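Asks: In the order they appear, the protein sequences are chains H and S. All the letters of the first sequence, read from the start, carry residue numbers 3 to 53 under this note's numbering. All the letters of the second sequence, read from the start, carry residue numbers 3 to 53 under this note's numbering. Don't be surprised by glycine CBs; every beta carbon is placed ideally from N, CA and C. Got a structure here, written out as structure tokens. Questions coming.
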Amino acid sequence: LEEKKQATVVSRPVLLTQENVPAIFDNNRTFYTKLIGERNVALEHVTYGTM
Amino acid sequence: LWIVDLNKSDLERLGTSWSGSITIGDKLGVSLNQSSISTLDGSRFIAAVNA
């Protein structure tokens with residue numbers, strides 16, 4: 003068995019304030035993917051957090 | 003204020019992956035990919051395709 007794996011991910015938050023004032027941004031989506039089978043049923047998922 | 007979301011995803015899956023074992027004269031046993039002979043003696047090698 004042999005294989006070659008390659009993956010990229012590029013993400014960016016944007017936010018604005020005034021000057022000399024704090025601000026918070028945070029975010030977390032959950033990305034699902036389709037495991038093969040509908041009656042033979044299962045899922046798998048990864049949360050992707052940012053702050 | 004205006005919430006707005008856009009989502010877009012596509013995914014493809016194709017190919018096979020093999021496993022199983024053979025036997026020769028009750029003298030030698032060749033197995034492919036972790037198929038233990040301690041559970042199988044005459045069950046010949048199988049495949050699995052996903053599309």
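1) Quick one: what's got a C-beta closer than 6 Å to S:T25's C-beta in the same chain, skipping five residues either side?
2) Any beta-carbon of chain S closer than 8 Å to the one on H:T49?
3) May I ask you to report which of helix, strand or coil DSSP gives H:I26?
4) Using a beta-carbon distance below 8 Å, is S:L13 in contact with chain H?
5) Have a look at S:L42 and S:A53 and give me their C-alpha separation to the nearest angstrom.
Replies: In brief:
1) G31
2) When Cβ-Cβ separations below 8 Å define contact, H:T49 makes no contact with chain S.
3) coil
4) yes
5) 28 Å
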